[PDB]
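Undergrad: Handing over query_4.pdb, PDB, C-alpha atoms (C1' of nucleotides).
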MODEL        1
ATOM      1  CA  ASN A   1       5.502  -6.749   9.214
ATOM      2  CA  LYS A   2       8.754  -4.997   8.453
ATOM      3  CA  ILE A   3      10.733  -8.245   8.564
ATOM      4  CA  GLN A   4       7.901 -10.358   7.167
ATOM      5  CA  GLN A   5       8.061  -8.072   4.139
ATOM      6  CA  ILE A   6      11.706  -8.945   3.510
ATOM      7  CA  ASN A   7      11.490 -12.738   3.579
ATOM      8  CA  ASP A   8       8.770 -12.789   0.930
ATOM      9  CA  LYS A   9      10.966 -10.818  -1.470
ATOM     10  CA  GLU A  10      13.957 -12.869  -0.457
ATOM     11  CA  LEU A  11      12.311 -16.276  -0.810
ATOM     12  CA  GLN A  12      10.723 -15.224  -4.098
ATOM     13  CA  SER A  13      14.197 -14.848  -5.588
ATOM     14  CA  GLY A  14      14.976 -18.354  -4.288
ATOM     15  CA  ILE A  15      17.668 -17.260  -1.806
ATOM     16  CA  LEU A  16      17.417 -20.489   0.186
ATOM     17  CA  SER A  17      19.938 -21.314   2.963
ATOM     18  CA  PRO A  18      21.704 -18.878   5.212
ATOM     19  CA  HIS A  19      24.883 -17.978   3.241
ATOM     20  CA  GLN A  20      22.836 -15.724   0.965
ATOM     21  CA  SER A  21      20.244 -14.873   3.590
ATOM     22  CA  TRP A  22      20.384 -11.755   5.714
ATOM     23  CA  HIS A  23      20.076 -14.054   8.721
ATOM     24  CA  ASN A  24      23.755 -14.815   8.031
ATOM     25  CA  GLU A  25      24.718 -11.372   9.318
ATOM     26  CA  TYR A  26      24.440 -12.741  12.842
ATOM     27  CA  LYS A  27      25.578 -16.365  13.440
ATOM     28  CA  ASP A  28      26.980 -15.358  16.856
ATOM     29  CA  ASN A  29      23.625 -14.189  18.151
ATOM     30  CA  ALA A  30      20.924 -16.200  19.873
ATOM     31  CA  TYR A  31      18.676 -13.879  21.924
ATOM     32  CA  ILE A  32      15.648 -12.536  20.073
ATOM     33  CA  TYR A  33      13.928  -9.240  20.755
ATOM     34  CA  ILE A  34      10.251 -10.063  21.224
ATOM     35  CA  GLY A  35       8.153  -6.965  20.741
ATOM     36  CA  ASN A  36       4.580  -5.718  20.815
ATOM     37  CA  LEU A  37       3.668  -8.319  23.455
ATOM     38  CA  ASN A  38       0.391  -8.025  25.232
ATOM     39  CA  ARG A  39       0.675  -6.762  28.802
ATOM     40  CA  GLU A  40      -0.525  -9.826  30.736
ATOM     41  CA  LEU A  41       1.751 -12.414  29.072
ATOM     42  CA  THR A  42       4.423 -13.397  31.561
ATOM     43  CA  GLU A  43       7.748 -15.251  31.276
ATOM     44  CA  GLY A  44       6.161 -18.694  31.544
ATOM     45  CA  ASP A  45       3.703 -17.940  28.775
ATOM     46  CA  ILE A  46       6.377 -16.437  26.476
ATOM     47  CA  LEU A  47       8.035 -19.737  27.343
ATOM     48  CA  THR A  48       5.022 -21.394  25.805
ATOM     49  CA  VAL A  49       4.976 -20.137  22.201
ATOM     50  CA  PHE A  50       8.702 -20.077  21.610
ATOM     51  CA  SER A  51       9.662 -23.684  22.272
ATOM     52  CA  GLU A  52       7.932 -24.651  19.014
ATOM     53  CA  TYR A  53      11.108 -23.577  17.263
ATOM     54  CA  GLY A  54      13.740 -24.711  19.742
ATOM     55  CA  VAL A  55      14.880 -25.172  23.315
ATOM     56  CA  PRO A  56      15.207 -21.952  25.338
ATOM     57  CA  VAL A  57      18.130 -21.695  27.696
ATOM     58  CA  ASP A  58      17.413 -18.127  28.974
ATOM     59  CA  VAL A  59      14.617 -15.583  29.022
ATOM     60  CA  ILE A  60      14.235 -11.991  30.183
ATOM     61  CA  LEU A  61      10.995 -10.021  30.237
ATOM     62  CA  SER A  62      11.350  -6.212  30.399
ATOM     63  CA  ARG A  63       9.188  -4.777  33.155
ATOM     64  CA  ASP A  64       9.091  -1.553  35.160
ATOM     65  CA  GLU A  65      11.274  -1.562  38.294
ATOM     66  CA  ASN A  66       8.486  -0.160  40.516
ATOM     67  CA  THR A  67       5.102  -1.650  39.565
ATOM     68  CA  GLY A  68       6.737  -4.789  38.074
ATOM     69  CA  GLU A  69       4.529  -5.181  34.971
ATOM     70  CA  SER A  70       5.379  -5.867  31.335
ATOM     71  CA  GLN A  71       7.085  -3.178  29.324
ATOM     72  CA  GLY A  72       6.014  -5.472  26.469
ATOM     73  CA  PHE A  73       9.368  -6.792  25.235
ATOM     74  CA  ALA A  74      11.544  -9.840  26.008
ATOM     75  CA  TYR A  75      14.961 -11.360  25.235
ATOM     76  CA  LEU A  76      14.964 -15.138  24.798
ATOM     77  CA  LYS A  77      18.064 -17.155  23.995
ATOM     78  CA  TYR A  78      17.677 -20.478  22.229
ATOM     79  CA  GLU A  79      20.105 -23.291  22.916
ATOM     80  CA  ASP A  80      20.823 -23.945  19.234
ATOM     81  CA  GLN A  81      21.016 -20.654  17.337
ATOM     82  CA  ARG A  82      19.243 -21.739  14.161
ATOM     83  CA  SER A  83      16.017 -21.626  16.170
ATOM     84  CA  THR A  84      16.559 -17.869  16.042
ATOM     85  CA  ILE A  85      16.578 -17.924  12.243
ATOM     86  CA  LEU A  86      13.445 -20.037  12.626
ATOM     87  CA  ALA A  87      11.547 -17.958  15.178
ATOM     88  CA  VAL A  88      12.304 -14.531  13.735
ATOM     89  CA  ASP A  89      11.356 -15.668  10.286
ATOM     90  CA  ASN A  90       8.345 -17.918  10.891
ATOM     91  CA  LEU A  91       6.538 -16.472  13.922
ATOM     92  CA  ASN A  92       6.942 -12.735  13.176
ATOM     93  CA  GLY A  93       3.643 -10.978  12.526
ATOM     94  CA  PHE A  94       1.610 -13.505  14.529
ATOM     95  CA  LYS A  95      -1.351 -12.500  16.717
ATOM     96  CA  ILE A  96      -1.480 -13.038  20.465
ATOM     97  CA  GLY A  97      -4.103 -11.167  22.522
ATOM     98  CA  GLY A  98      -5.152  -8.965  19.591
ATOM     99  CA  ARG A  99      -1.770  -7.414  18.803
ATOM    100  CA  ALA A 100       0.726  -8.963  16.366
ATOM    101  CA  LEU A 101       4.118  -9.424  17.988
ATOM    102  CA  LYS A 102       7.497  -8.563  16.421
ATOM    103  CA  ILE A 103      10.688 -10.594  16.540
ATOM    104  CA  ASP A 104      14.170  -9.697  15.457
ATOM    105  CA  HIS A 105      17.752 -10.736  16.046
ATOM    106  CA  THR A 106      19.453  -8.951  18.865
ATOM    107  CA  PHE A 107      22.766  -8.599  20.630
ATOM    108  CA  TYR A 108      21.858  -8.667  24.298
ATOM    109  CA  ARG A 109      23.856  -7.027  27.040
ATOM    110  CA  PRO A 110      23.025  -7.997  30.650
ATOM    111  CA  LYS A 111      22.267  -5.225  33.192
ATOM    112  CA  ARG A 112      23.566  -5.272  36.782
ATOM    113  CA  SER A 113      20.206  -4.250  38.274
ATOM    114  CA  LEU A 114      18.545  -7.508  37.214
ATOM    115  CA  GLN A 115      21.415  -9.738  38.396
ATOM    116  CA  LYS A 116      19.286 -11.814  40.757
ATOM    117  CA  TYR A 117      16.475 -11.999  38.198
ATOM    118  CA  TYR A 118      18.942 -14.020  36.123
ATOM    119  CA  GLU A 119      19.440 -16.845  38.610
ATOM    120  CA  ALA A 120      15.761 -16.652  39.564
ATOM    121  CA  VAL A 121      14.891 -17.251  35.913
ATOM    122  CA  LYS A 122      17.852 -19.590  35.223
ATOM    123  CA  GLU A 123      17.043 -21.932  38.130
ATOM    124  CA  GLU A 124      13.693 -22.745  36.467
ATOM    125  CA  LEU A 125      15.268 -23.167  33.015
ATOM    126  CA  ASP A 126      18.192 -24.909  34.766
ATOM    127  CA  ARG A 127      15.720 -27.589  35.957
ATOM    128  CA  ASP A 128      15.728 -29.067  32.450
TER     129      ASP A 128
ATOM    130  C1'   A B   1     -48.555  41.121 -78.741
ATOM    131  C1'   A B   2     -46.422  42.506 -72.739
ATOM    132  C1'   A B   3     -43.497  42.761 -67.208
ATOM    133  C1'   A B   4     -42.193  38.705 -62.450
ATOM    134  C1'   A B   5     -37.498  44.466 -60.445
ATOM    135  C1'   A B   6     -34.632  38.927 -58.111
ATOM    136  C1'   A B   7     -35.413  35.590 -51.343
ATOM    137  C1'   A B   8     -37.618  31.715 -48.938
ATOM    138  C1'   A B   9     -37.221  27.435 -44.960
ATOM    139  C1'   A B  10     -39.836  26.757 -38.991
ATOM    140  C1'   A B  11     -39.481  26.266 -34.025
ATOM    141  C1'   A B  12     -39.962  23.129 -29.897
ATOM    142  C1'   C B  13     -40.156  18.219 -27.838
ATOM    143  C1'   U B  14     -39.142  13.381 -28.009
ATOM    144  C1'   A B  15     -37.062   9.271 -29.466
ATOM    145  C1'   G B  16     -34.801   6.845 -33.444
ATOM    146  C1'   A B  17     -30.756   6.796 -38.583
ATOM    147  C1'   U B  18     -25.752   7.940 -40.080
ATOM    148  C1'   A B  19     -21.363  10.582 -41.228
ATOM    149  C1'   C B  20     -17.409  13.308 -38.817
ATOM    150  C1'   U B  21     -13.628  16.395 -35.984
ATOM    151  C1'   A B  22      -9.480  17.165 -32.311
ATOM    152  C1'   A B  23      -0.982  14.083 -35.099
ATOM    153  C1'   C B  24      -7.052  13.556 -28.848
ATOM    154  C1'   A B  25      -5.785   8.778 -25.883
ATOM    155  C1'   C B  26      -4.146   3.345 -25.965
ATOM    156  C1'   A B  27       1.327  -0.664 -22.521
ATOM    157  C1'   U B  28       4.304   1.243 -20.549
ATOM    158  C1'   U B  29       4.706   3.037 -15.610
ATOM    159  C1'   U B  30       8.979   1.833 -10.241
ATOM    160  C1'   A B  31      16.076   3.996  -7.205
ATOM    161  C1'   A B  32      16.198   9.952  -3.310
ATOM    162  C1'   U B  33      11.790  11.321  -0.817
ATOM    163  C1'   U B  34       4.809  11.978   2.275
ATOM    164  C1'   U B  35      -1.930   7.435   2.652
ATOM    165  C1'   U B  36       2.867   5.181   5.816
ATOM    166  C1'   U B  37      -2.210   7.003  10.250
ATOM    167  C1'   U B  38      -2.569   4.288  17.070
ATOM    168  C1'   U B  39      -4.084   4.655  23.004
ATOM    169  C1'   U B  40       4.631   7.712  23.411
ATOM    170  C1'   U B  41       6.892   3.396  25.073
ATOM    171  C1'   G B  42      12.949  -1.237  22.328
ATOM    172  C1'   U B  43      17.415  -2.542  27.076
ATOM    173  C1'   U B  44      25.537  -0.021  29.650
TER     174        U B  44
ENDMDL
END
Starting from the coordinates I provided, produce the structure as structure tokens.

TA:
Amino acid sequence: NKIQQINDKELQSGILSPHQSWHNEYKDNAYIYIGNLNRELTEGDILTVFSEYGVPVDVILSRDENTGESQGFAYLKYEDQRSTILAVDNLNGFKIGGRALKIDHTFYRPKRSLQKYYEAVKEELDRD
RNA sequence: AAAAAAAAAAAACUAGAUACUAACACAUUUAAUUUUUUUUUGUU
């Protein structure tokens, strides 16, 4: 609802196409921070809603090291960037499980401690 | 024929009739800043 507020102003002025859009600030970014998730949505189900706008190559769900349950945020890289422009913009503020999730562009830095979780995820997304 | 040493209207209630006052106020108002509220939970 922070970002959703921008695009309405932006569009209203007829900004139209990325050169003048704030989405142009990125261009080298693909991963999207996916916030305010419900707790029971897992990687496969976050890999349901987000293929509407593109083809995901990677995904990471943030979850506590001990109990292994959702922190409530994920990082999902689309194959073709412009999906990011599309997902952030179009799907932000949308309800799943009662709570309206947040998306925004992100620069994502991998962490050693999950290293195996990368191949374990990749191998499934490497199937396609 | 005379001198008459100067004061009367109401009030209340309820409705109705009509003037009027106060340079009263009348389209601007939005670039620092508080309605910005949630069971904390956004990662070298």

Undergrad: Tell me, in Å to one decimal, how far CA of residue 72 (chain A) is from CA of residue 21 (chain A).

TA: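 Rounded to one decimal, the two atoms are 28.5 Å apart.
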
Undergrad: Using only C-alpha atoms (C1' of nucleotides), find each residue of chain B with at least one atom at most 8 Å away from an atom of chain A; report its shortest atom-to-atom pair and that distance in Å (one decimal), sort the rows by chain and rising residue number, and return the result as JSON lines.

TA:
{"residue": "B:41", "atom": "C1'", "partner": "A:71", "partner_atom": "CA", "distance": 7.8}
{"residue": "B:42", "atom": "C1'", "partner": "A:73", "partner_atom": "CA", "distance": 7.2}
{"residue": "B:43", "atom": "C1'", "partner": "A:62", "partner_atom": "CA", "distance": 7.8}
{"residue": "B:44", "atom": "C1'", "partner": "A:111", "partner_atom": "CA", "distance": 7.1}

Undergrad: Taking all atoms of region 71-83 of chain A that the file lists and extending 8 Å past them on each side, where is the centre of the axis-aligned box and how long are its edges? Answer in Å to one decimal, as AutoDock Vina command-line options.

TA:
--center_x 13.5 --center_y -13.6 --center_z 21.7 --size_x 31.0 --size_y 36.8 --size_z 31.2

Undergrad: The PyMOL selection byres ((chain A and resi 125) around 9) - which residues does that actually catch in the file I just gave you? List them as a list in words.

TA: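 Residues picked by the PyMOL selection byres ((chain A and resi 125) around 9): residues 56, 57, 58, 59, 121, 122, 123, 124, 126, 127 and 128 of chain A.
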
Undergrad: Counting all atoms listed in the file, which of A:20, A:104, A:68, A:60 gets nearest to residue 119 (chain A)?

TA: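 Between A:20, A:104, A:68, A:60, the residue approaching residue 119 (chain A) most closely is A:60.
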
Undergrad: Tell me, as a VMD selection string, which residues lie within 9 Å of residue 4 (chain A), counting all atoms listed in the file; anything in the same chain fewer than 3 positions away does not count.

TA: chain A and resid 1 7 to 8 88 to 90 92 to 93

Undergrad: How would region 20-41 of chain A look with N, CA and C atoms restored, written as a PDB file, in the coordinates of the input?

TA:
ATOM      1  N   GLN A  20      23.320 -16.870   1.731  1.00  0.00           N
ATOM      2  CA  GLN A  20      22.836 -15.724   0.965  1.00  0.00           C
ATOM      3  C   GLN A  20      21.765 -14.978   1.739  1.00  0.00           C
ATOM      4  N   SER A  21      21.306 -15.534   2.857  1.00  0.00           N
ATOM      5  CA  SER A  21      20.244 -14.873   3.590  1.00  0.00           C
ATOM      6  C   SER A  21      20.799 -13.817   4.538  1.00  0.00           C
ATOM      7  N   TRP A  22      20.025 -12.769   4.748  1.00  0.00           N
ATOM      8  CA  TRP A  22      20.384 -11.755   5.714  1.00  0.00           C
ATOM      9  C   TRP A  22      20.503 -12.284   7.130  1.00  0.00           C
ATOM     10  N   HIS A  23      19.912 -13.444   7.412  1.00  0.00           N
ATOM     11  CA  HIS A  23      20.076 -14.054   8.721  1.00  0.00           C
ATOM     12  C   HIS A  23      21.544 -14.411   8.943  1.00  0.00           C
ATOM     13  N   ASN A  24      22.345 -14.484   7.878  1.00  0.00           N
ATOM     14  CA  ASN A  24      23.755 -14.815   8.031  1.00  0.00           C
ATOM     15  C   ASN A  24      24.563 -13.705   8.672  1.00  0.00           C
ATOM     16  N   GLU A  25      24.013 -12.494   8.714  1.00  0.00           N
ATOM     17  CA  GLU A  25      24.718 -11.372   9.318  1.00  0.00           C
ATOM     18  C   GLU A  25      25.057 -11.639  10.788  1.00  0.00           C
ATOM     19  N   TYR A  26      24.361 -12.591  11.404  1.00  0.00           N
ATOM     20  CA  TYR A  26      24.440 -12.741  12.842  1.00  0.00           C
ATOM     21  C   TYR A  26      25.292 -13.922  13.265  1.00  0.00           C
ATOM     22  N   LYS A  27      24.763 -15.141  13.213  1.00  0.00           N
ATOM     23  CA  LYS A  27      25.578 -16.365  13.440  1.00  0.00           C
ATOM     24  C   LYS A  27      26.170 -16.495  14.844  1.00  0.00           C
ATOM     25  N   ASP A  28      26.471 -15.370  15.485  1.00  0.00           N
ATOM     26  CA  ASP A  28      26.980 -15.358  16.856  1.00  0.00           C
ATOM     27  C   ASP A  28      25.898 -14.945  17.840  1.00  0.00           C
ATOM     28  N   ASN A  29      24.711 -14.653  17.328  1.00  0.00           N
ATOM     29  CA  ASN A  29      23.625 -14.189  18.151  1.00  0.00           C
ATOM     30  C   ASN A  29      22.595 -15.274  18.334  1.00  0.00           C
ATOM     31  N   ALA A  30      21.985 -15.259  19.511  1.00  0.00           N
ATOM     32  CA  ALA A  30      20.924 -16.200  19.873  1.00  0.00           C
ATOM     33  C   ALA A  30      19.657 -15.514  20.432  1.00  0.00           C
ATOM     34  N   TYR A  31      19.820 -14.616  21.393  1.00  0.00           N
ATOM     35  CA  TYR A  31      18.676 -13.879  21.924  1.00  0.00           C
ATOM     36  C   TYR A  31      17.853 -13.233  20.814  1.00  0.00           C
ATOM     37  N   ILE A  32      16.542 -13.194  21.005  1.00  0.00           N
ATOM     38  CA  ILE A  32      15.648 -12.536  20.073  1.00  0.00           C
ATOM     39  C   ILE A  32      14.821 -11.468  20.783  1.00  0.00           C
ATOM     40  N   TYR A  33      14.836 -10.255  20.248  1.00  0.00           N
ATOM     41  CA  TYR A  33      13.928  -9.240  20.755  1.00  0.00           C
ATOM     42  C   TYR A  33      12.494  -9.633  20.380  1.00  0.00           C
ATOM     43  N   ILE A  34      11.641  -9.685  21.386  1.00  0.00           N
ATOM     44  CA  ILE A  34      10.251 -10.063  21.224  1.00  0.00           C
ATOM     45  C   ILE A  34       9.397  -8.865  21.589  1.00  0.00           C
ATOM     46  N   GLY A  35       8.813  -8.246  20.579  1.00  0.00           N
ATOM     47  CA  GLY A  35       8.153  -6.965  20.741  1.00  0.00           C
ATOM     48  C   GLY A  35       6.651  -7.035  20.651  1.00  0.00           C
ATOM     49  N   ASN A  36       6.026  -5.883  20.887  1.00  0.00           N
ATOM     50  CA  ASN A  36       4.580  -5.718  20.815  1.00  0.00           C
ATOM     51  C   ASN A  36       3.812  -6.851  21.504  1.00  0.00           C
ATOM     52  N   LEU A  37       4.354  -7.324  22.629  1.00  0.00           N
ATOM     53  CA  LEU A  37       3.668  -8.319  23.455  1.00  0.00           C
ATOM     54  C   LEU A  37       2.433  -7.691  24.047  1.00  0.00           C
ATOM     55  N   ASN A  38       1.471  -8.524  24.416  1.00  0.00           N
ATOM     56  CA  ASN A  38       0.391  -8.025  25.232  1.00  0.00           C
ATOM     57  C   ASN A  38       0.920  -7.827  26.656  1.00  0.00           C
ATOM     58  N   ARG A  39       0.147  -7.160  27.500  1.00  0.00           N
ATOM     59  CA  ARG A  39       0.675  -6.762  28.802  1.00  0.00           C
ATOM     60  C   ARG A  39       0.660  -7.901  29.821  1.00  0.00           C
ATOM     61  N   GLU A  40      -0.298  -8.813  29.702  1.00  0.00           N
ATOM     62  CA  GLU A  40      -0.525  -9.826  30.736  1.00  0.00           C
ATOM     63  C   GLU A  40       0.274 -11.118  30.521  1.00  0.00           C
ATOM     64  N   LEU A  41       0.884 -11.275  29.345  1.00  0.00           N
ATOM     65  CA  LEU A  41       1.751 -12.414  29.072  1.00  0.00           C
ATOM     66  C   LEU A  41       3.008 -12.324  29.917  1.00  0.00           C
TER      67      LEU A  41
END
